[PDB]
Amino acid sequence: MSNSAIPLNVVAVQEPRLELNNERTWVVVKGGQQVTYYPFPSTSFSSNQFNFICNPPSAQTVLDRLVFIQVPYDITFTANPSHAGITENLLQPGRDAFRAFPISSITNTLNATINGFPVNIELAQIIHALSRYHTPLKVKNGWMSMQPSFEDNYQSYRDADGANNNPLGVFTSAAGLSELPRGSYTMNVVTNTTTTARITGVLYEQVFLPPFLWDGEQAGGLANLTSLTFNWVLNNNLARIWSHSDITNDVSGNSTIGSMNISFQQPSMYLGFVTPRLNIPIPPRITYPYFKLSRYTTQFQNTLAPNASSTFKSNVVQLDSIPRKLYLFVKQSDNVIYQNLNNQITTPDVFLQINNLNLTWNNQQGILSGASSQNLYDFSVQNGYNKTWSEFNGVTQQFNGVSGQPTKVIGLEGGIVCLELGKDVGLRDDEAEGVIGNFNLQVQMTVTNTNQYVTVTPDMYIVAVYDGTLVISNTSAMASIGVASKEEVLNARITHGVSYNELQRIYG
Amino acid sequence: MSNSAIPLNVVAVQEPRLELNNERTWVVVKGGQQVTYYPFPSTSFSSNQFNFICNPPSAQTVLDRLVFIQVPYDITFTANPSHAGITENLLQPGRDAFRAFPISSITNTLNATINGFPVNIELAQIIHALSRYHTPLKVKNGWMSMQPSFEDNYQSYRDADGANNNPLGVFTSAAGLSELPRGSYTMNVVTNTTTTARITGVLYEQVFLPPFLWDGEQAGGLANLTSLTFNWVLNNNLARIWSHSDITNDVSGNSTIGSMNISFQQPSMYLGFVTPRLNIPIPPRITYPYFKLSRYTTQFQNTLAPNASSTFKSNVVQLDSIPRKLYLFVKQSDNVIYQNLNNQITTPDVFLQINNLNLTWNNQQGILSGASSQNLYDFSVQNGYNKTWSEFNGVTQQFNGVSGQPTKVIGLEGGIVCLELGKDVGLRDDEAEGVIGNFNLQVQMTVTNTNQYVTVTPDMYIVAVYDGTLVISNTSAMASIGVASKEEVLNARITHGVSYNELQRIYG
Amino acid sequence: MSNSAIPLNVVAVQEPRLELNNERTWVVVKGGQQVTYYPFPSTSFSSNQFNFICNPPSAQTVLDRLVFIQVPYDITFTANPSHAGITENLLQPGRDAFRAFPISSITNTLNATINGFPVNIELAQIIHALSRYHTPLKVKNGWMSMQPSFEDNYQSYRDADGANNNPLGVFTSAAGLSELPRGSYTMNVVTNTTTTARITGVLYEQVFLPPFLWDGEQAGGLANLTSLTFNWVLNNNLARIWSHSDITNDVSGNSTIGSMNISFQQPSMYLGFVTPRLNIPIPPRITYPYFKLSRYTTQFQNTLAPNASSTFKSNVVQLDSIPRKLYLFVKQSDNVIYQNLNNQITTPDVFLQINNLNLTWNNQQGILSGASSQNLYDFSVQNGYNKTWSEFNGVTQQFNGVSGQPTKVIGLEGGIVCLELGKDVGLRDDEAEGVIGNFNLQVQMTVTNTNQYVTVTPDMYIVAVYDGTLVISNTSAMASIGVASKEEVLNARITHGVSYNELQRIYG
Amino acid sequence: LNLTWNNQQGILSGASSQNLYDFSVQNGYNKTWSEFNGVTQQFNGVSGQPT
Amino acid sequence: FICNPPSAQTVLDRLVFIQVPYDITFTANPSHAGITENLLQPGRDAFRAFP
Amino acid sequence: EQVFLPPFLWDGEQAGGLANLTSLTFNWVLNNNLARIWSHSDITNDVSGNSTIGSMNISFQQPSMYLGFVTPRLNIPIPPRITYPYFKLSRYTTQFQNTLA
Amino acid sequence: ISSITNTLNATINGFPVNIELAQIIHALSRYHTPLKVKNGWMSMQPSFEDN
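Residue numbers (the authors' numbering), protein chains in the order written: chain A, 1 to 508; chain B, 1 to 508; chain C, 1 to 508; chain D, 357 to 407; chain E, 52 to 102; chain F, 205 to 305; chain G, 103 to 153.
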């Protein structure tokens, strides 16, 4: 203990096999009394919007935080009278299945108002990036599993087939105790043939906007609500539900499917209301951690193909307070991939490889100008990334062992970097993650196209996540951003008690 | 900070990469000298029942909680008239293995008395409920790796082959760093052809019942034991160890295999005695957590198939104390499947899917009656269920792409609902998880059968598990359920001190 | 308080869905402004070694602990007379890729020196063992992702092909969200044809050693220092990087690839320097944890194959002080492997299965006399071995059905056992994990060759990782192993407060 | 048999079924132990009928 | 058997008794003889009290 | 077979016996090979040469220890604690690569 | 018996004491045994040593 440089302080700690004596105490867990689950069928269902409206059953009834919606559907596929034939059934064995996650992807935006104060998220583009992390295998296999749940690994569908890993494959051929593929999802096929297909089933999608939560950890519910109500506005296109293989086309190519039609029936929200026991009282005014997702995007004209590099400067935006975390990635332009659906149906979901990024924050320029993209990966894989480096910086050479052929490249997926703010930007003195008011930033970042066939017009995104503390009372719905003040962030007394991991846990 | 509706208090933390100052210590890790191990061979095994007895050295030596029993064996199959067929080697590469877990599945009951007070667990059917439940990948792949322990995921072997996640395949063919399938576990084949086969080896299985533990972490091992004697008793049938696939057997229902016999050579069991340091002594009398499984089973006359629904009524019961946890899985009956081996060897280990359940705890009915099947899955996963929503409620549309066959449906696995009474049912006030009184349940429920192949008569279940404290002192074994009084439980000084989750771990 | 032989007091705990009242505090995280990365090119690099030298921006600037070096290369192969014809492309589709972790395994020994005091470990023999030990799925699929990382589980590359689980294959065949086979890694290719090949690419590898860490978590960056430098002194063979397969080459031990020549370009190493915030200061002399792992080996000439059994003895050595841990394992033929290009390329790094082992400490022998080879896998997965029992001690029965082909056994990796000294070996009271000085240890153990074709000639290493403090202060940095004294270890106040499964988390 | 009380749990778990008959007979049970726990064998004298 | 009391203060009872499972086999002798019939007889044999 | 090791003996020369234990336990572990228990002479075997003998299987049946306890008489009383002598037998071994014939 | 047995441990009053037996005994045997003692106790196992 003593006898090294400065003398240290000493504790002995018991082994596991034997303590054996320590002060053990019987603990009683107590949550009561009646726990329930209701099915509020959506009032006013349509092809344009689902709307639910559902008020908690009783006074001081706390409300659980996992919410979701099931929606029975019907779809028919029709053949396009070109390229024919056209031999073999329209739907194929390891070729075609749902896009993950389906409903959320085809939602233009969903709204919910907790107790008369409105909260909304942008489900369409936010998702496929917010889904990539912070996911672990444990969690992926849990709550998430209900909605089609697997990602898009390959830069384009054509190559993929057929892999032991192929994104749209039937359940058999998925390795035991591991993320299964999107062909697994069970729904009945009424008739499958040349010129005609039709199918029916029922898809569970999670409500994805905090406070509500989708990671398997559990935290307090929102008493004391008076009236919750949701609202789903569907994205106009509706073909985007389906995925496809570019292969089956083939050689012309007008994709064999010539069209589609998608229909719905009433779908029901599913909330759970616990009610507390008389003895223990809940306080009349309580506070919760509420985050906020917004996205600022930019357009462009100059395209690259198939493997050329370039540069893009973003667009000056303003943010009302220092964000907790911040995401930044390039992507194949939304403007296009919308007309001429077949591309829309068979086009995958992956991001161009970030060669380097250089961001000018408030009063700085060139921050992380010298970090090797490699460097940009290590942080954060720390924040949550969960994809392997190989996926990042998408490319893989797979040789073919026969004379004489060119070997061939594949592209997997783009990097989707993020920078927690006080950690990887370095926040100026006397200021901290919480603080108001205004700031502004624009990221100028070079990137490359790596997908081997198409000419990819790009765009940039930037998903910010603010940290706020909102109070729900009855009846009130206060919400605040920038709760900390400048004087308080200077000389806030520190603690050795908690540590950065536990902080990691809260979100989510 | 005092910027919220109600003022909140601030603290600071330091980012991981810099404290850089806080008090450090040096933590020396003291563990009693002289850890030993020894194989205790079975005093008077037999073919019917075998049983070991061992005495710990003295009052002061702490035995450890992880115990297991290894058993050497041989078998021999012989091709029957009149199926053949009778072609190829009687075993085939993709089609044969041991049942997970092999000797566990045969035990009628394992009894183990400690220090003079006998605690026992029935094991034939109680083992499969507990098997899917609490393990995650990283712990599945640790200790529980010794028994051939990969869960049967299809509704019949027949369909399985050949998927690279098939429940009984060869080592190669199983993906990298994953749970490897049943076939992979080694034993030597002395011979194999048509008309005959003979294998020899040694299968480990770790004795399951608590106190002794099968999950990775260590809790103080029983001491100060005076004497301890296990003894098993096996089902006469015994043919259940081996499992075999369907495809190979020919039509006319004729089976390649029947019949065959097993052999055992005297088996052993490995205990681990540790003895503490000179100066640190263990208290005269100590107190361990004491769990207690039970099984209640109800069978009916009616039958459903090949995929029609039914509802059923569990028998009424009276429960001495609210139990911690309950399991409610309905499985293909035991009445059949001990009659006529080929079927007995062949049948998998999956149960029917739950369309929904209606439950009544005391004096209330309709608990969970409006909660859709999907909801059950979520709470079960929350308890640790670990299987994806696709298999729970299993069925899968794997679709053909040939003009013009119909498109196969697969029966997949099973669902096994679990509830925790405080977490899930909600106990009336003044009552909590440990308390005693007489609360009658009776669980009605509706179910569909899913495997396409056979008619099924179904026997429902309910496993309950009480939580008690048992004190060991040499030699005594007092044990008591509900320690635990109504007024004391009501008064309940409550600590915002301990988390829930840490509490979750010392299951169960 | 009440009802156990000993009354034990109570506390009630609120269910996760309902707190809902507890001291909620807004917490801000603060780390120094500006963390910036610099790329140091390396002057003085050669095929015989790499040399780095780096001045910090100054003192007062905490240097982050994660480090890595990116190196560009140029390899050309040429065809072998005269096994020819060698029809078909020199490099095969599934057959041949990079060994892992390429630049680490090639490095004969690695030295770095923090701020004047030299701290170096040996890389070539140490890493293939220490690799296994402290990684789950997330941690291995994270930072260690950058260099190829899939282990050599198969006993020879001959048998692997063509397996779904094969050690070195194209990214196409893998199970979604799990470690990729080494083949996925990019190897940008210039050309290949029978009679030649040329590949060129950039590979990243992280410094391995202490303090700097290759693990998931992260801790406080070293400060405050003036000088740092790294020396990679490469091994003299340099052909070892690439790995081949024997199936392709038959049959005189004449192999396609002999011979070839690797080349490097100028390598650069990246490290980032955070600067703390002026207001809260960092002390003038900071004290870290410091580990260092010295190996001990023995050469034997007694030859055994293909699967004969034998026994060995280590030879005596005299460790200075108790070491924190100790990895013992037999591994094949270190001298034997090097002669021949053929040998360097086409042989894996698996080690033979321990049939049983006995060990002697100081003053006692026959520690673990009768602990089943299996009992040795039971600990450790307690110290995180991270493989299945099956593959440990791995032999594989795989049967083939046709009449008549004898079923074939398959080689597999063998156990590498470990034991932390307090936990297993047991210790004379007054001796703990740190205390100096003298002790003497000899290992005896019986191993059995398990692969088929090649007769192995053994040697067995015994790595031992010491524990100790290191204080880095600006002028000079000092370290003690044996930071504890004898009288202080005895009678060190024991703490029920800190948990033991926390010490698992420390390293590494 | 293994009866419980109100939290004194498992009383009488380990006492052989024979041990049960003993303490019972002290309260007066009054019949040979052979006929309590009643199963008896009669072996047959003729080739080769089962007993 | 080695059997200690759990404490001083425990008062053990006077009636003790052992139980013991057994296995007997007999094999007929030549030359009798003899013999027609089974080896055990409905009246001829049992255990000697007290075995 | 006599059990060997201290405090038991051996060369008798009998001496003051151990009192006063509460428990006592013996384990043996036997090397897997087990063929070492027999002897044989090279003369019988063939010239090349093969041995007339390989192979063989060995078994056991209940094997049992034997130990006697005196008890002291009421007149002469034996101490609460008593000290015996006791030794331990270490072994260290090292082998060399060179052969010599 | 001793030559075949790898090791042997006899715990006294709770604390273990053991002596590897396989290798030790052959050399220790030749040592302390007179002709009187060779015909004494040691006589029980085969005893005559290798010349």
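Positions of the beta carbon are idealized from the N, C-alpha and C atoms, including for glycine.
On the criterion of 16 or more Cβ atoms from any shown chain inside 10 Å, does residue i qualify as buried, or is it exposed?
i	result
A/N491	exposed
F/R240	exposed
A/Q206	buried
B/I410	buried
E/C54	exposed
A/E391	buried
B/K408	exposed
For residue i, which residues from the same chain have a beta carbon less than 6 Å from its beta carbon, with the 5 sequence-adjacent residues on both sides left out?
i	result
A/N261	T76
C/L376	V417
F/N224	none
Who are the near neighbours of residue i in its chain, counting only those whose CB is closer than 8 Å to its CB and skipping five residues on each side?
i	result
E/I86	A79
A/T475	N115, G116 and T226
Do residue j and residue i have their beta-carbon atoms positioned less than 8 Å apart in this structure?
i	j	result
C/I121	C/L110	yes
C/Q353	B/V170	no
B/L326	A/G32	no
B/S82	B/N342	no
C/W389	B/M146	yes
B/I247	B/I345	no
B/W26	C/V483	yes
residue 513 of chain C	A/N164	The requested residue 513 of chain C is not part of the displayed model; chain C covers only 1 to 508.
B/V456	B/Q339	no
C/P306	C/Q92	no
Among the residues of its own chain, which have a CB less than 7 Å from the CB of residue i, if the five just before and after it don't count?
i	result
B/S42	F50, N51, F52, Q266, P267 and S268
residue 536 of chain B	Residue 536 of chain B lies beyond the residue range present for chain B, which begins at 1 and ends at 508; the question has no answer from this structure.
In chain A, what lies closer than 8 Å to residue i by C-beta?
i	result
B/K486	Those do not exist, as B/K486 stays about 12 Å from chain A at its closest Cβ, beyond 8 Å.
Show which residues of chain B have a CB atom less than 8 Å away from the CB atom of residue i.
i	result
G/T113	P57 and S58
How would you list, in chain order, the residues of chain G whose beta-carbon sits under 9 Å from the beta-carbon of residue i?
i	result
F/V233	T107, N108, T109, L110 and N111
For residue i, return the contacting residues in chain F, with the cut-off set at a CB-CB distance below 9 Å.
i	result
B/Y38	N231 and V233
Applying a beta-carbon distance threshold of less than 8 Å, which residues of chain D neighbour residue i?
i	result
E/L66	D378
Using a threshold of 7 Å, is the CB atom of residue i nearer than that to any non-hydrogen atom of the ligand ADP?
i	result
F/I286	With respect to the ligand ADP, the structure offers nothing, as it holds no ligand at all.
For the stretch 335–399 of chain C, list the alpha helix (DSSP H) runs that are entirely contained and at least 4 residues long, ordered along the chain. 341–345 and 375–378
Along the chain, which unbroken stretches of the alpha helix (DSSP H) at least 4 residues long are found entirely within the stretch 134–201 of chain B? 137–140 and 157–160
Going residue by residue through the stretch 245–295 of chain B, where are the continuous beta strand (DSSP E) segments of at least 3 residues, counting only ones entirely within it? 260–264 and 268–271
Where in the stretch 80–114 of chain C do unbroken runs of the beta strand (DSSP E), each at least 3 residues long, occur, reported from the N-terminal end onward? 107–114
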